[PDB]
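# Examining the three-dimensional arrangement
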2 protein chains.
Amino acid sequence: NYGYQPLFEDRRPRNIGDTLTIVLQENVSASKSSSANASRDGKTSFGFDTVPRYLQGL
Amino acid sequence: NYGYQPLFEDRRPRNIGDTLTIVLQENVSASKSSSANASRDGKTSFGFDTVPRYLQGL
């Protein structure tokens with residue numbers, strides 16, 4: 001005797017020793033990315049090509 | 001006995017040991033950018049190619 005068995009219920013595992021089908025379908029995907037930047041450019045100039053007389057000493 | 005079980009209510013975890021499916025769907029994206037600039041150009045000139053006599057001393 002295997003005990004009471006439901007008639008219309010779907011066949012499910014209920015006790016120790018019962019079998020069950022596992023459909024292994026795994027799809028995992030993780031990603032991450034980052035960046036940082038900094039820039040600085042500086043140019044400066046001053047030139048006196050021709051200096052008038054009253055400015056010579058300066 | 002597994003206690004009272006609702007008939008029409010959706011199957012939800014209610015007690016310790018109940019299982020729940022988490023659909024991991026994360027999509028985070030942050031960005032920032034900035035810039036600054038400054039420029040200055042100056043040219044000046046004065047020339048006396050031909051100086052009249054009354055202006056010579058000056």
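Residues numbered from 1 in each chain as written, not as in the entry; some residues may be left out. Chains lettered and ligands numbered in written order. Part of a larger assembly, values for the part shown. Heavy atoms only, no water.

- In its metadata, the entry names cryo-EM as the structure determination method and reports 2.75 Å as the resolution.

- The name the PDB entry gives chain A is Flagellar L-ring protein.
- Under its PDB record, the entry appears with the title "Cryo-EM structure of the LP ring within the flagellar motor-hook complex in the CW state".

## Some thoughts on the packing of aromatic side chains
Residue and element names in this part refer to chain A.
- Under the criterion given, the structure shown has two aromatic pairs over all chains.
- Between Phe 46 and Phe 48 the ring centres are 6.0 Å apart and the planes differ by 85 degrees, which places this aromatic pair in the edge-to-face class.
- Residue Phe 46 is classed as exposed on the basis of its relative accessible area, which comes to 73%.
- Taking the relative accessible area as the measure of exposure, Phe 48 reaches 46% and is therefore partly exposed. (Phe/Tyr/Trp six-rings, centres within 6.5 Å; stacked < 30°, edge-to-face > 60°. Buried < 20%, exposed > 50% of the residue type's maximum accessible area, 1.4 Å probe, protein only.)

## Focus on the layout of surface pockets
Residue and element names in this part refer to chain B.
- In this model, the largest pocket occupies a volume close to 1100 Å³.
- Among the residues forming the lining of the largest pocket, the class breakdown is eleven nonpolar, nine polar and six charged.
- Along the wall of the second largest pocket there are 14 residues; nearest its centre are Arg 11, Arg 12, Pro 13, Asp 18 and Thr 19.
- Residues belonging to the lining of the second largest pocket are distributed by class as follows: five nonpolar, five polar and four charged. (1 Å grid on protein atoms, 1.4 Å probe; cavity = no way out; pocket = protein on both sides within 12 Å on 5 of 7 lines; lining within 4 Å. Points joined across faces, edges and corners; volume = space filled by probe spheres on them. Nonpolar A, V, L, I, M, F, W, Y, C, P; charged D, E, K, R; others polar.)

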